[PDB]
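Everything on this sheet refers to the single structure shown next.
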Amino acid sequence: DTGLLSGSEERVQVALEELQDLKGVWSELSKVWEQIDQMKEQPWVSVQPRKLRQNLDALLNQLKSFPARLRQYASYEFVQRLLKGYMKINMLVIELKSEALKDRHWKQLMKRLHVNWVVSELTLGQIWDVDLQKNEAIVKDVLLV
Amino acid sequence: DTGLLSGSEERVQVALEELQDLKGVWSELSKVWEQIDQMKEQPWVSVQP
């Protein structure tokens, strides 16, 4: 018998508590991920942006659901900035259902984004995966003309 | 004594069974016209014929 390493015990305790916290975080983040991916998967050129915006608010509610223990995490801030991401989706939103969305417009923005699309399925998850927050200049120029 | 027409209550219970069957029928029909409503609501984005 000797002085047992209470440092090891407290390490185990903090690992366990942070583990449960991160598991709740993963549950919330998985729900966010599935909902946003299911949304943006569709081209969304036939759906008012407000049908998107309410999801935004729902996402906000989810971002407000958990206590402050997650709200101090880098994942929380990342999701909040991806909440600004959903806000600039609300931006684009206007281009997707705009009358200016034309075949020549399609091809010109296609060259700008350098991506390749199949017009039959407007999988909006891909169009967001081409980050508007990253390619803002080219998409804004394409919006202008 | 009050000999009562129990056939009234027999009709009551028959109507009850008919009502339960119709409740099941209309639950299924609620699902059906919800799916129809889901369609009727689709402003139509990429849905295929």
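Chains B and A are the protein sequences, given in the same order. Heads up: take any position in the first sequence, counting from 1, add 1307, and you land on the deposited numbering. Heads up: take any position in the second sequence, counting from 1, add 1307, and you land on the deposited numbering. We treat Cβ as the ideally placed atom computed from N, Cα and C, and that holds for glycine.
Helix, strand or coil, according to DSSP, for residue i in the structure here?
i, result
"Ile1401/B", "coil"
"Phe1373/B", "coil"
"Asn1423/B", "coil"
"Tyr1380/B", "coil"
"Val1319/B", "helix"
"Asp1364/B", "helix"
Return the residue from the list the options that minimises the CA-CA distance to residue i.
i, options, result
"residue 1455/B", "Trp1435/B, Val1332/B, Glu1341/B, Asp1328/B", "Here chain B has residues from 1308 to 1452 only, and residue 1455/B is not among them."
"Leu1377/B", "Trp1333/B, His1412/B, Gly1392/B", "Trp1333/B"
"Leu1420/B", "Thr1430/B, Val1449/B, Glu1402/B, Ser1427/B", "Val1449/B"
"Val1400/B", "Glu1341/B, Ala1381/B, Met1346/B", "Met1346/B"
"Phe1385/B", "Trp1424/B, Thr1430/B, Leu1336/B, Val1425/B", "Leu1336/B"
What in chain A is Cβ-close to residue i, meaning under 7 Å?
i, result
"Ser1353/B", "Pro1350, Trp1351, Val1352"
If the cut is a Cβ gap below 9 Å, which residues of chain A does residue i touch?
i, result
"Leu1429/B", "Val1352, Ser1353"
Counting pairs of beta carbons, one from the segment 1340-1353 of chain A and one from the segment 1333-1353 of chain B, are three or more of them closer than 8 Å? yes
Hey, is the segment 1309-1328 of chain A in contact with the segment 1308-1317 of chain B, meaning 3+ C-beta pairs nearer than 8 Å? No: the two stretches stay apart, fewer than three of their Cβ pairs being nearer than 8 Å.
Does the count of Cβ pairs from the segment 1410-1417 of chain B and the segment 1355-1373 of chain B closer than 8 Å reach three? no
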